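Okay, so here's the structure we're looking at.
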Amino acid sequence: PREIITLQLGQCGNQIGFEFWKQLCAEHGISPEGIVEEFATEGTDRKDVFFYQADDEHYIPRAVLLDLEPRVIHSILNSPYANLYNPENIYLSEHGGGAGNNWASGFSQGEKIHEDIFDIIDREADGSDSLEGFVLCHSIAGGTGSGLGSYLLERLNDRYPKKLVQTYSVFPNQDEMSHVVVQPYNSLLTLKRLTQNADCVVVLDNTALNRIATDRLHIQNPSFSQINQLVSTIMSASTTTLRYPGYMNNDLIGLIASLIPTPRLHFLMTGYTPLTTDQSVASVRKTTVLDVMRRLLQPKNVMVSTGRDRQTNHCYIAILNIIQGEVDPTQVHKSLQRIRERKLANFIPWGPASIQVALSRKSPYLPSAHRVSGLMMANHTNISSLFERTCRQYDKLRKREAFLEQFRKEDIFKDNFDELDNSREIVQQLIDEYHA
Amino acid sequence: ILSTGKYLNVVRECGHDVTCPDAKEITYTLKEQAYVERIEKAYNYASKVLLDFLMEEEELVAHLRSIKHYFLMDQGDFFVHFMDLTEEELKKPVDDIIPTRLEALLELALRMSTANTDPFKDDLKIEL
């Protein structure tokens, strides 16, 4: 019916998808090894849209996880949520990889394991006779997720041409350049494949993570154990129309169709306010829907590093405001009434704009059926500031003679560096041209 | 006695529950001016059980609190949020798609400034 195959790949893409499947059992009322609660069918009306359909009421995840590093998968099998995963769909015990840290490693390893990489991931494709598409849950940081992920964006474009492609990709961190220095090279090589060899992306910045991780979360030493908490909730938040029973844009080709203006303009800004557990003691007094979307357009919950004074000459075109759970829908048109009076979104002068609001009932659970949740999927034309940030860090590195002799020994014979530079400037010029 | 029948018909509109305070009402006695004074202490009691019915279910005091000084303007944080949206729209007379947005902005300005009792503020309608 609407079966999606997630493509978890890389050192960071496997960990953000590990707790994504772990989030799904707590809201479906199911255990990874059994069914102890009856809340799975009376409370939740649809479960076989991301999981594989049941053979013994065991909803297998439709997931594949490949990585060169064996460290990310050795921290999985000792956890009690790995018995839900199957040891025959992806790998058996003692799976390995390369050495290995290179973008050209996984780019060259795709055609030497070409027979095996297109054998076991295609067995899940013909399980349903109407496949939705493929989401590449991969990474941009490092050479593991960026090297091999650029290969599958090409060969799955023609072997599966009538399928939706759209990824929840995480952006790397640009604070210092000591541990990694190959960061401007492997990022722009995948970013070219994300626009012409891929339809849509969902950007997730790393410098904007610790802006939120010290905002309300109150940590002193930033660890990697907090990167899975902001990411796994908004992943399950994006499929609330798709997993839980909704009516309009209840498919993944429903939501993405109403937000993309044009190809190579698909970078969607994400926002999510409620992350604090001591808000729970004051949501008993009928906290309404009239105050939760006034702060979405206000740049506080954003996960995109952008300029603060560059929003006057930029214009919103498509903005999504997803409320979940208890909505009190007699005032949801009242919340959309107050949008035109502030004009917090700058509107495009050539065409109409749209503020789309939708709702779906959440899990039968006490932290879910009590507190209001707001998921934002914006589309603003100030996203070229990240593309100006990455390009200015790209041409400055090529004048310092950095990784021009250390990178072209394997499988690179011609200069494909300006092939990425002009196509990035094509994106940056067509964005500003789009508001005439 | 006219106003007696007006208050007993108000409680009768809710339900059939009142009884005259005596078991038998007699006026065929030489005293008659002390019997219309026990008629006046009767409609005073009918006022008191109407004042009862105001204070229990209806909340007349909370209704006058939610209207009047708030209608002059008491808590302007409800209204200065709405006055942000009177400067973008209210430049020309109303079109056919404008009053659909004005109720959407009143209900938006309800919960951004945290109303304490929502069924006392959904009774606001918008003049064309």
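Naming works like this for the structure tokens: A, B, ... for the chains as they're shown, residue 1 at the start of each chain, ligands 1 onward in shown order.
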Chain B near chain A within 12 Å: what's each residue's closest atom pair and its distance in Å to one decimal, counting only C-alpha atoms, ordered by chain then ascending residue number, as a tab-separated table?
residue	atom	partner	partner_atom	distance
B:78	CA	A:290	CA	11.5
B:79	CA	A:338	CA	11.9
B:80	CA	A:342	CA	11.3
B:81	CA	A:342	CA	8.6
B:82	CA	A:341	CA	7.7
B:83	CA	A:341	CA	8.5
B:84	CA	A:342	CA	6.0
B:85	CA	A:341	CA	3.4
B:86	CA	A:341	CA	6.7
B:87	CA	A:341	CA	7.4
B:88	CA	A:341	CA	5.5
B:89	CA	A:341	CA	6.5
B:90	CA	A:341	CA	9.4
B:91	CA	A:341	CA	11.9
B:97	CA	A:337	CA	11.7
B:98	CA	A:337	CA	10.2
B:99	CA	A:337	CA	9.7
B:100	CA	A:337	CA	7.7
B:101	CA	A:337	CA	4.9
B:102	CA	A:337	CA	6.2
B:103	CA	A:337	CA	6.1
B:104	CA	A:337	CA	2.6
B:105	CA	A:338	CA	3.4
B:106	CA	A:334	CA	6.6
B:107	CA	A:334	CA	4.0
B:108	CA	A:335	CA	4.0
B:109	CA	A:338	CA	6.5
B:110	CA	A:290	CA	6.3
B:111	CA	A:290	CA	4.0
B:112	CA	A:291	CA	3.9
B:113	CA	A:291	CA	7.3
B:114	CA	A:291	CA	7.6
B:115	CA	A:288	CA	9.0
B:116	CA	A:285	CA	8.3
B:117	CA	A:286	CA	8.9
B:118	CA	A:286	CA	8.6
B:119	CA	A:286	CA	11.4
B:121	CA	A:331	CA	11.6
B:122	CA	A:331	CA	9.2
What's around region 263-269 of chain A at 6 Å? Count only C-alpha atoms, leave out sequence neighbours fewer than 6 positions away in its own chain, and write the answer as a count of residues only. 7
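The space separating CA of residue 235 (chain A) from CA of residue 259 (chain A) comes to 17.3 Å.
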DSSP says helix (DSSP H, G or I) for which residues of region 256-320 of chain A? Put them as an NGL selection string? :A and (256-258 or 277-285)
Name all residues at most 8 Å from region 212-227 of chain A (count only C-alpha atoms; drop same-chain ones fewer than 3 positions away) and give them as number ranges by chain. A: 16, 208-209, 230-231, 275-276, 301
Can I get the selection written as a short mmCIF file (atom, residue, chain, number, x, y, z; two decimals), in the first residue's frame, with N, CA, C and O atoms?
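Contents of out_22.cif, freshly written:
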data_model
loop_
_atom_site.label_atom_id
_atom_site.label_comp_id
_atom_site.auth_asym_id
_atom_site.auth_seq_id
_atom_site.Cartn_x
_atom_site.Cartn_y
_atom_site.Cartn_z
N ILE A 16 20.75 7.75 14.46
CA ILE A 16 19.52 8.53 14.45
C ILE A 16 18.33 7.71 13.98
O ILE A 16 17.18 8.10 14.21
N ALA A 208 23.22 24.44 14.88
CA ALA A 208 21.94 24.79 15.46
C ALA A 208 21.45 23.78 16.48
O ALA A 208 20.45 24.03 17.16
N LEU A 209 22.12 22.63 16.60
CA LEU A 209 21.73 21.64 17.60
C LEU A 209 22.14 22.07 19.00
O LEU A 209 21.32 22.08 19.92
N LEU A 230 16.56 15.18 19.72
CA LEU A 230 15.85 16.15 18.89
C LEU A 230 15.47 15.57 17.53
O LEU A 230 14.50 16.02 16.91
N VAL A 231 16.19 14.55 17.08
CA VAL A 231 16.03 14.08 15.71
C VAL A 231 14.93 13.02 15.62
O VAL A 231 14.10 13.06 14.70
N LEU A 275 9.88 20.64 24.30
CA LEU A 275 10.91 19.68 24.67
C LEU A 275 11.18 19.64 26.17
O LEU A 275 12.19 19.06 26.59
N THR A 276 10.31 20.23 26.99
CA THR A 276 10.55 20.37 28.41
C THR A 276 9.49 19.62 29.20
O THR A 276 8.29 19.74 28.94
N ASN A 301 12.61 28.30 17.42
CA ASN A 301 12.69 26.85 17.35
C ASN A 301 13.40 26.34 16.10
O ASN A 301 13.35 25.14 15.83
#
